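Step one of this worksheet: look at the structure below.
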Amino acid sequence: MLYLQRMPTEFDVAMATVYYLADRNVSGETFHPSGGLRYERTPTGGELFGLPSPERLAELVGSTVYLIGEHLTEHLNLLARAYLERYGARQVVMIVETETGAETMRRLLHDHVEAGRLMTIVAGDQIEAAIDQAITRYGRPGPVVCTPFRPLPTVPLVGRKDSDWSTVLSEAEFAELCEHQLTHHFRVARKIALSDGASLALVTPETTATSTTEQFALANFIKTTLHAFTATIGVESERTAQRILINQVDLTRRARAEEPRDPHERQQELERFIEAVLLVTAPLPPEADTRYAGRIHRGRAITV
Amino acid sequence: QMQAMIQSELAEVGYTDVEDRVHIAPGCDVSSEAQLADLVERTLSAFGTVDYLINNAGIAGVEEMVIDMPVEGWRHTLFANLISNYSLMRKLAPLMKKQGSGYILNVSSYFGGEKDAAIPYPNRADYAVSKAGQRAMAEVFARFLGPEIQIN
Amino acid sequence: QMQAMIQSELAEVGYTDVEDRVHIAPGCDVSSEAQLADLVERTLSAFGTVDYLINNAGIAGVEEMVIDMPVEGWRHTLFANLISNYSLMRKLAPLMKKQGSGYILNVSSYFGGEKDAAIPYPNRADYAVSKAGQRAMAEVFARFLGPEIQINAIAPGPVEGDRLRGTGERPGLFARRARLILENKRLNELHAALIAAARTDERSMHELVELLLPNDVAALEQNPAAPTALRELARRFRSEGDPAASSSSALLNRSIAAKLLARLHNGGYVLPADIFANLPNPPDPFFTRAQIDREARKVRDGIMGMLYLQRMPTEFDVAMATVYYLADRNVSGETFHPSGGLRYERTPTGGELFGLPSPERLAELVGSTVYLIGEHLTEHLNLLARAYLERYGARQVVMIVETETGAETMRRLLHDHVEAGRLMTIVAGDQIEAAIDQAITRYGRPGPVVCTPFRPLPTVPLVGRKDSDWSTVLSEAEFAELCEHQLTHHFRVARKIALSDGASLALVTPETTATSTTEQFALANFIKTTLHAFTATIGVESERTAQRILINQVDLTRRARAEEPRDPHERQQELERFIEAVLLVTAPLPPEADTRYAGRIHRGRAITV
């Protein structure tokens, strides 16, 4: 791994840290007291992507697909329509936390609910058991897409210089933030990975031009945190010879100027999310699952 | 032992009254919020306003496959490596913004990733994700904590 | 003066014999190799063996847009900022490797990019590409120069200093940058309107420019025969203009007319030199002071808003941190940032996932004029010519080569289409602009174009034995030839096509396989990393200047030899993937689908195959 074939000791790192701490014009950077390492990387930030191959699309026909979410009612509606009506999916299961969300998703797609193609289960904080029932009484999944349940809070991150910071985001609320936005994805990923899924699309929280600055900050936090988890789990699955393709589809942009401003661009972003999740969820035929193609198609995160 | 050796070095290098320059607050497990508050109050009583917060405490983790990782280990790793950072940041920020100066330094790791470039690190997903979360916390709170308080 | 103050401080701080601690070498211009050799021999005579090499000498550059960039200025800034780095490193390295230790540090800047993330920096492409070259040089020579020699680069952010000095990152007189920004925007809008008119209107360039001679925006606005582009430009000049400034009523002045004529001439458009001699001169002030003040405050506020800490570090802090860093011994091949926390858009690179382009974009390929350029990559060019002609209905393809032998080889490999009149050949040499000019004049203006390097990758050693004379190591002339063939050629082709109304332009980095040597891999990585910044800068710049052109990069180079094919099946797979990637980056987007967001996505992107 080393260029110099020598690992510096703790004293050298402490020396560099003490020297660097005296700088008075740095904040929010990543300082590396040592480096020069030969290790494989998985760059993120992809945005230029198109439609997947028709052969992968044909694999989606007759598959078992689950959709999970609470806050993205319109997104889940559009995606459920896309899989059922356009690519011959037999059934979709909506895994939700609240009875209100189940009722809402039932009403939005009542036509599919009465047809027996869109069926709802309630998960709460035991989503493993909800997926377990779903598998038991419907069969094992194919491609699955997971989205966050809870929205982003708007409590302040920093208060005024002469303020008491009583209303600022505290330790507890950060704990539920980590639980809902990080632990939920881990739980769903582990459950599907041990349940023989075909592909797994993790959805980052969404932001628009109406989002507040604190929402942008927490969204960037979640994006950067989840990037590493997705990359590591994808590479681990590739080395452990699992069929499953775990990828990330991103609904957030780093600044306000990058987000759309009009409904036309909004529906463009909707269809772009649809095509991105089609890319990351279309099953690859077992004959085409080579070393190089499997290496490319795991651990990748793209931005819509 | 570390305190004794440190104070011996300080006495050797010419400093005076080493016993008032190096205190210890042992027995504080980073996994408990109450122990974090106890550490904060002990440091405040001992030396008053604290300028530098060197958050280095971090364990290896569950040390397993993602597909062999219990959720309780996942929560413990997040609490020890990620949650505690924001907890101590919250408890120590008011003084640093009151006095107009401050610095918090979080000990990350190369094997967690980088901006626009991730790094796989098998058997150790929890450590990598928590470490990148620490890095993200710093990079995103730099704006709001400034210009009074530094984060790195 | 600096030596006197330094030695005064040294005498004050208790040191002895300050006269032997600081020496001066005035008149050593870094742009000349002979002066560099004189500096090397003089410092060797003065203090003997040199341990630390702090290469900081670097100029802002041409300070002009790419389509406004003379070739000689590009060459001069390339010699000044990038070539001299390897020149000094080559001159000094044997001695440091003889003594068993050494350190070289390049003083870069933040505004050129990072690993897998590029940073645009418009109107300053040369500075950015030279910067990326410095970082790539350090990164790739880290492994070879080890373990005896360390190599690193420092890339500080905006640092407060003299307004008249600096490498262009900081203002500075906001007035001058402000006025040049407005003049450039006026020229860019007028040129874009003229190009858009000439794209679809039957009137030649002469008649279209003839509408501009009265210098009356009103006469253009209500002119029924005027193109929609020029009428819309008049409406925008009325909407955004200031009645107190003659520019809201007058189209242009002498300087803008001369620059526009230069752009038109270099773009292959035929116009007399005296066409702008009789243009009426708008009365002063052409620009009101309110506008320049407003957008100068805009630029200053943007620069300040980049800062998280709302204050700019000083030079002393950066130097102090640099010396603190120099005390570290276990680092080599990294980029140090003494200052950061900056607001700027990034263009991440290293993308390797892609599919096939949309069928609507494929239909655009039918009936277009496509040029392919290259010498070494005969098989790839053959496959691409076959793909465009036989599979997507291309009308005619021109193969532009450096020598007669390459033209003959390409003709023989595709004789069937040569005799059919669908594959034609031109010879370029080192006057590629002339080859493009004859191609446009005698066959028409291009659509999508893909460019590949002429020369192969040399296999000369980059590091020699410790007890050797370094006779066979890569020489400075060899490095100059390398950057000329692999970097200057792409710049020249991109400039010429950009001024020539291209539809899209795909830049190809040199190809690497498992058969290549380690030195070839290092040089290919250097070229790829260097070209990433140039591609990102030109893409963002063209997006900002409302250009139709989509300029992108496709990578045939991979960082590790373990990533290269080991069987013919993988080789043909990579060939097909290269075809798909060029198809993605060359397929024209319909004008209806050319939105702000889609245009932003499809410019400045690089895909690794």
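Every read-out reported here was derived from the displayed coordinates using simple, explicitly stated rules and does not represent laboratory data. Reconstructed Cβ throughout: ideal geometry from the backbone, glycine too, with neighbour counts over all protein chains shown.
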Using the Kirkwood radius over Cα pairs of the protein assembly as shown, the Stokes-Einstein translational diffusion coefficient at 4 °C and 1.567 mPa s, in µm²/s and rounded to a whole number, is 41 µm²/s
Listed with the fewest Cβ neighbours within 10 Å leading, C:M137, A:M119 appear as A:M119, C:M137
Convex hull around the C-alpha positions of chain C: the volume in Å³ per residue is 180 Å³
Sorted largest first, the C-alpha extents of the stretch C:67-211 along its principal axes in whole angstrom are 71, 35, 28
Counting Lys and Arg as +1 and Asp and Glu as -1 over every other residue whose Cβ sits under 14 Å from the Cβ of C:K98, the net charge comes to 0
In whole angstrom, the spacing between the Cα centers of the stretch A:253-282 and the stretch C:148-219 equals 32 Å
Excluding residues fewer than 8 positions from C:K98 in its own chain, the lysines with Cα under 21 Å of it are C:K466
Once the dipole of the stretch C:120-242 is set up from charges on Cβ (+1 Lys and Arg, -1 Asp and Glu), the residue from the list C:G166, C:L211, C:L190 lying farthest towards its positive end is C:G166
Taking every other residue with Cβ under 14 Å from the Cβ of C:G421 and scoring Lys and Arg +1, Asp and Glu -1, one gets +2
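About its Cα centre, how strong a charge dipole does chain C have in debye, to the nearest 20, once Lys and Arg get +1 and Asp and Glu get -1 at the Cβ? Can you show the working numbers first?
Values: 66 positive and 78 negative charges, 256 e Å.
In debye, rounded to 20, chain C gives about 1240.
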Placing +1 on each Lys and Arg Cβ and -1 on each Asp and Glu Cβ in the stretch C:26-178, then taking the dipole about the Cα centre, the residue among C:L82, C:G58, C:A117 whose Cα reaches farthest towards the positive end is C:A117
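Going by C-beta contacts inside 10 Å, put C:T322, C:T545 in order with the fewest on the left.
Values: C:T322 17, C:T545 21.
Ranking C:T322, C:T545 by Cβ neighbours within 10 Å, fewest first, gives C:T322, C:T545.
Would you mind putting C:590-601, C:145-156 in packing order, based on average other-beta-carbon counts within 10 Å, highest first? Mind showing how you got there, number by number?
On the way: C:590-601: 13.3, C:145-156: 21.5.
Output ranking for C:590-601, C:145-156: C:145-156, C:590-601.
Kindly point out which whole DSSP H helices in chain C project their C-alpha atoms 24 angstrom or further along the helix axis while averaging a Kyte-Doolittle hydropathy of 1.0 or above.
Working: long enough: C:125-145 (29 Å, 0.22); C:174-200 (39 Å, -0.03); C:518-544 (39 Å, 0.10); C:568-586 (27 Å, -0.35).
Membrane-span-like by this rule: not one helix.
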As straight-line cross-link partners of B:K115, the qualifying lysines (C-alpha separation under 27 Å, not fewer than 8 residues apart within one chain) are A:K223, B:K131, C:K115, C:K131, C:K528
For C:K91, the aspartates and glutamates lying under 18 Å Cα to Cα, once residues fewer than eight places off in the same chain are dropped, come out as C:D29, C:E33, C:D38, C:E41, C:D51, C:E148, C:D467, C:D469, C:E476, C:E478, C:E481
Note: A:230-242 gets an average of partner chain Cβ contacts (10 Å, Cβ to Cβ) equal to 5
Rounded to a whole number, the mean other protein chain Cβ count within 10 angstrom for residues of C:310-322 is 2
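Give, as a single signed number, the net charge of other residues whose beta carbon lies under 12 Å from the beta carbon of C:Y597, with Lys and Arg counted +1 and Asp and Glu -1. Display every interim value, and only then the final one.
Values: positive: A:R253, A:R261, A:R266, A:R272, C:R596, C:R600, C:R603; negative: A:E47, A:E258, A:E259, A:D262, A:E265, A:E269, C:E543, C:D594.
In short, -1.
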